[PDB]
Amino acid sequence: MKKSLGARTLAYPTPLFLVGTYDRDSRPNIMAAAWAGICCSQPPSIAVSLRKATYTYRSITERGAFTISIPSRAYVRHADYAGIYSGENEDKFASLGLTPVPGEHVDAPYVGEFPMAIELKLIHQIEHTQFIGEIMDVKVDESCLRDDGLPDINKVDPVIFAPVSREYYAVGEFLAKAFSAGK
């Protein structure tokens, strides 16, 4: 039998993206975003819903660029910190002891310690409010790649956010091949 929980922001999985930017004085920042996901395959793009109150919002409107860094479980507390505190008057990289690595393709830093980072160019600002970034590059630690050059998600070891209950989870075991299992 099902129970109704009502109209809640409740779905699984949700991501835990750290959205990286530079402010007008080139101060690097990261914030946590779970209201996000891939939106298009042409160009490859990610949508992120960022509130106007966030310092990151301002930086993206100014520079037209941002990164997404994907934490591994070792950095779950760091990621949470970035989702509690604002960078308006704090350098979170300094506070967290993390490295703001300049993007190679876009005007934004990513988190060097994290296993995976995505460089994005702002292509749409939709206003419901969402920034749409075109994926310019996806960078992954060599230690996390399979022989065919794609990532091993269990080596990346990304964090999952459970909304409402407000918890973080790891990725578990392989289940099946997509575009295959259903045949």
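Numbers for residues come from their place in the sequence shown, where the first is 1.
J.: Would you mind checking whether any residues of the deposited sequence sit unmodelled between residue 127 and residue 128, and how many (none, 1 to 3, 4 to 9, 10 or more)?
T.: The entry has 1 to 3 unmodelled residues between residue 127 and residue 128.
J.: Higher mean Cα B-factor in the deposited model: 141-149 or 64-72?
T.: In the deposited entry, the stretch with the higher C-alpha B-factor mean is 141-149.
J.: At the C-alpha atoms, which of 54, 29, 154, 45 reaches the highest B-factor in this entry?
T.: Across 54, 29, 154, 45, the entry lists the biggest C-alpha B-factor for 154.
J.: Considering every modelled residue of the chain and its Cα B-factor in the PDB entry, is residue 176 in the lowest, middle or highest third?
T.: It belongs to the middle third of the chain when residues are ordered by C-alpha B-factor.
J.: Could you look up the Cα B-factor of residue 113 in the entry and say which third of the chain it sits in: lowest, middle or highest?
T.: Its C-alpha B-factor belongs to the middle third of this chain's values.
J.: Ordered by C-alpha B-factor within the chain, which third holds residue 89? Give me lowest, middle or highest, please.
T.: Highest third.
J.: Going by what the PDB entry lists, where does residue 159 fall on CA B-factor within its chain: lowest, middle or highest third?
T.: Its C-alpha B-factor, which the entry lists for residue 159, ranks in the highest third among residues of this chain.
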